[PDB]
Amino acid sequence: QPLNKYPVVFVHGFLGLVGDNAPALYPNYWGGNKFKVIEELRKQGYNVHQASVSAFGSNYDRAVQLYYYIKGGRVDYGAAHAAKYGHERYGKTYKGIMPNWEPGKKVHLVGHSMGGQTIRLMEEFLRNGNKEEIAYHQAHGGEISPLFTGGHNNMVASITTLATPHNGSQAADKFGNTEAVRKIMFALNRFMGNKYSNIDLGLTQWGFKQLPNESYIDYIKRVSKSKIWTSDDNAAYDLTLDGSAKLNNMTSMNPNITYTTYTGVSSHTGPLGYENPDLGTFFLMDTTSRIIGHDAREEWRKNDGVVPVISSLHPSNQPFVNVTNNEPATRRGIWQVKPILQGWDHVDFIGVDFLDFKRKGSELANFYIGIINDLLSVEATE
């Protein structure tokens, strides 16, 4: 029936809310009003889906949630992980988009922003498992999630990343992960955990769900005891240079997977050799762009608004090849780095920059159809 033999799963980044979990008024994550990725690709005969995972949680938590979003079942973060970081072991339960997912039935994974990192970690778990959970279950018995066992291959065909901070971002180090802004983020999470809330911002495993008979005052008191306030097990930490390097250090290339990256630049060189945001950078990224663009290290300056070029091209010290727009992107086991998209800021990739008239719907349609063509090529050359 579908043109693509393997389902495409699109994985949103940090802050992203999709589908039923998006607020009453809120942008459509995958394509804005410019090109409705899920709906349009379906109309054209492709089998595609948008994952829904934690908007504020760690790559770890998100990767576990991604697994269950696909397979179905009750999210299990692992006994060792839960005990180490101080959050619930078990989380939400998903219906599952492919309940028969197993070695032999493959999926294509495309990640925007942090979605790119989350995808890598989950493949890591399928192939190699999670050593601390393996050790924990050896020592103490119990059940261990099949996600943490290792030895599950032939499950992902491709990893494509768009504006992913593979090497982290200074906008995290110098803003997102500061004490003041973690508190803002966590307060937002506390609030949207109130008993009248219909949206899940992705930190309920830390206690941010008010009980039906609990007063707001008691709720405040209870969740102020949570480890979230001081933990590194959250998105803010993971998006830092250190946080991203840690993930780089525990990932490896899978020789059967087709890897490809896209990167935008939306800054220009000023006097002194610093980078400033172009007119047309979505305005909410103006200051973050300046922070990145005024780095002491010249090669860390050019950026898409919130992620520097050098972070998006590929994980540093993993094998890559610079590739053309025209040739097949069909090499396995190596990061195929696509030519930089000039004038594309971080959110132009997902079409939500309603202020930017240079970035047209028809252009974004071509961009997505291009990705699908590459995916079709991957299928054709097994």
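Each residue number is its position in the shown sequence, starting from 1.
Tell me which of 137-145 and 260-268 has the higher mean C-alpha B-factor in the deposited entry. In the deposited entry, the stretch with the higher C-alpha B-factor mean is 137-145.
For the C-alpha atoms alone, is the average B factor greater in 191-199 or in 270-278, going by the entry? Looking at the recorded C-alpha B-factors, 270-278 comes out higher on average.
Just to confirm, going by the entry's C-alpha B-factors, which of 165, 115, 129, 212 comes out highest? If I rank 165, 115, 129, 212 by C-alpha B-factor, first place goes to 212.
When the modelled residues of the chain are sorted by Cα temperature factor, does residue 347 land in the lowest, middle or highest third? Middle third - that is where residue 347 ends up once the chain's C-alpha B-factors are sorted.
Lowest, middle or highest third: which one holds residue 242 when the chain's residues are ordered by CA B-factor from the entry? Middle third - that is where residue 242 ends up once the chain's C-alpha B-factors are sorted.
What third of its chain, lowest, middle or highest, does the C-alpha temperature factor of residue 207 fall into? Tercile = middle for this residue's CA B-factor.
By the record's CA B-factor, is residue 17 among the lowest, middle or highest third of residues in the chain? Residue 17: CA B-factor falls in the lowest third of its chain.
Splitting the chain's C-alpha B-factors into thirds, which one does residue 321 fall into? Highest third.
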